[PDB]
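The chain below stands alone and is given as structure tokens, in the form deposited in one PDB entry.
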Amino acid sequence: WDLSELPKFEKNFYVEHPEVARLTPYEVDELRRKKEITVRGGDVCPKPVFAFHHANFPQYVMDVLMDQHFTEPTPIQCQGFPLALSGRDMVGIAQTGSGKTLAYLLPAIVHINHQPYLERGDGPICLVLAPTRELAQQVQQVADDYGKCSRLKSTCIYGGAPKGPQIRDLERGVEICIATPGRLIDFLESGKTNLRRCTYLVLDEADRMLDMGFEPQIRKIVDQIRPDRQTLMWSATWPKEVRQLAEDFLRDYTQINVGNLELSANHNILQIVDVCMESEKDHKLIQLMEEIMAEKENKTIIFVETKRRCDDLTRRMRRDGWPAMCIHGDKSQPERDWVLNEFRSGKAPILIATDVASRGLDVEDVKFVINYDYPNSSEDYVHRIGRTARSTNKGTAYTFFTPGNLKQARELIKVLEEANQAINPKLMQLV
């Protein structure tokens, strides 16, 4: 890898606060227990922090945090901030809506602030990879909230939008780059950016990015980054099947978890499962929507199995005067952007979507998630229902489960049991 030709750089600038350093090992274990933090046995890991002022942040960042009325770091932030700041490779697993984005973005800003300034021809220092274009844009917006107080520049690299403005941003110079894989691979092959200064690599939704469709794109990208980079992977779900594969992209790494070690949903979601025949779904949906739309807070996402079903259900509902719009991978990117912005603003309270909208999206005031079709996996179920109940908010999920979904019943029951939810007897009868 030309182990001596590369420039030098530093990774660990973490200074442990005296309020944290004083904790004995037992006291640290009790703090972790109280926050439901588990650090994998045998890994190197700093003590968790428990206040924002422990976390080495620039005063600008603290000012933005206070302006947003953020009082206390979330559990994944409590353990992830110091681990990331220490420069260690890591995997950070915590519930949907629990703050993983800032868990990796704020240490990225510290990391960047300790490196020499970008010159001309310099690629990004921090690269974040995400599975959908809308999620990449959302993460870039979060980053801009905080990097803009320093003079940190960011961009979003993603398909479906003109290449020209993205090439401009990359050539002007960005310290932070958020990307979906395809457009980035395109730009790397054609020399529009490079990863020779990339020392902080984030895989968000990491188990999705390591799946059959994404893993070869990830491999193509990461094979171009120096192996002394820091790599940080994050997700609400971390199935055993991705763990060995993940080691291809990690070095001397540490795994941390919040909540139960098994597959688990956000416990602020009320989870309802309606066992019914496929032919009943239409009527049941309308019944449900009539209830939902009678309430003052009624913003709703309806998930379906295919782009064709998403289009068809949306036409069927709009023809009855329902204010529904849809997002899926066959729409143009300007249309996808417009529909999601209309949903965010509340101008359209019903979003019908494929799994393009299942991960990462943080939309204010979603109160209902409806699985019109049960998803492809129990992990996808956990992510979908996590579009509600963000941060401290509560939410409700309704799922239509048919006999054709029988093979997925066992794991669904386990998820429902882990969350202390009431199980529909028809679901148990299925097994």
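Rigid core: the largest C-alpha set superposing within 1.5 Å between the two forms. Residue indices: 1-based, along the sequence shown.
Below, we turn to the form deposited in another entry, even though it does not appear here.
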- Item | C-alpha displacement of 2 Å or more between this form and the one not shown on the rigid core, among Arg226, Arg309, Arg183, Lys153 | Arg309
- Message: Using the rigid core as the reference frame, would you say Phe343 shifts its C-alpha by 2 Å or more between this form and the one not shown?
- Response: yes
- Rigid core superposition, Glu19 Cα moves 2 angstroms or more between this form and the one not shown: no
- Query: Rigid core fitted, then: does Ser332 show a CA shift of 2 angstroms or greater between this form and the one not shown?
  - Reply: yes
- Task: Report the direction of the Cα distance change between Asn257 and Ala389 in the other form, compared with the displayed form, as closer or farther; the change is 3 Å or more.
- Result: closer
- Message: So the CA-CA distance for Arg336 and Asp169 moves by at least 3 angstroms in the other form. Closer or farther than here?
- Response: farther
